[PDB]
């Protein structure tokens, strides 16, 4: 079976690693390709089917997609792949021609093998790039092609709202994909604990990426500009053994973080402090790790300069930070005795953000 596994652009490798460890626990053979056909935010998983012997002494199949939906913290969607292909030049094609290519391609796929045509279906589409067609166009054409093909085998019923089966069709640049979305209408990053919605909140998948990149070892973890508490809540939900501390400047957001942490059942796991990170050394003397989604915003250069001056007084091991302001953070890091030991770019809410892992230059 082939699966398309989606995640944030720029963390594909971290997601592959998580999925690999999860599947290794099942005992199955598998291969994972990062960025199939060049497309960011995707993995292509090729796995053996997961068989066991059930209470009747019969071979029975375990659902790989349910296992991954239930256990992954880095993935957005788990989609059973029907087909992925390059439609070379489709960005330039006129509307009529582009849709024709898509309809003809889909008409050729054995979709009747991925739905009991008693079941209701709908088509969800996603489009990204410069096309002469829209999401709506794609969903209609694909929807038409699948209804027509299914009608060759039975009587198919659409249900747009509560389909039993969602076919997801995505066109990103030159690349077309069709699959069965096992995840459903809410992506895996939607957390039911998020009762307070901070307007610059970090998606949970990227929070977990930052945690993985810190390489935590049970030492104390501070988010000194914590907002609604996402990073610390995801960490407590990992049953982290170590101390967890959040500091946030504005009351409203700090109370939002408390409410989110209560909703998640981990309020007892986190110390939440209202405070100023440019004064960090007043609130703590020593922390092992700092992990923060910094404000993206002048005033930024000076906020970062003072914060990294204070962080230098208290940090023992590593910091992991995300920001849009590459130049401000890079200067604050260099002026304050820090060294960058990893950098990458991540796609977050249609922004390119920069992630850095840092340590103090003098620590060996």
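Positions refer to the first chain, counted from 1.
- In this entry, no coordinate-free residues of the deposited sequence separate residue 337 from residue 338.
- Between the stretches 281-289 and 69-77, it is 281-289 that shows the larger average CA temperature factor.
- Look at the C-alpha B-factors of 199-207 and of 89-97. On average they run higher in 89-97.
- The residue among 103, 238, 252, 271 whose C-alpha carries the highest B-factor in the deposited model is 103.
- Per the deposited coordinates, the residue with the largest Cα temperature factor out of 132, 260, 187, 182 is 132.
- Residue 110 sits in the middle third of its chain by CA B factor, as recorded in the PDB entry.
- Sort the modelled residues of the chain by CA B factor and residue 212 lands in the lowest third.
- Sort the modelled residues of the chain by CA B factor and residue 351 lands in the highest third.
- For residue 234, the recorded CA temperature factor ranks within the lowest third of the chain's modelled residues.
- Sort the modelled residues of the chain by CA B factor and residue 83 lands in the middle third.
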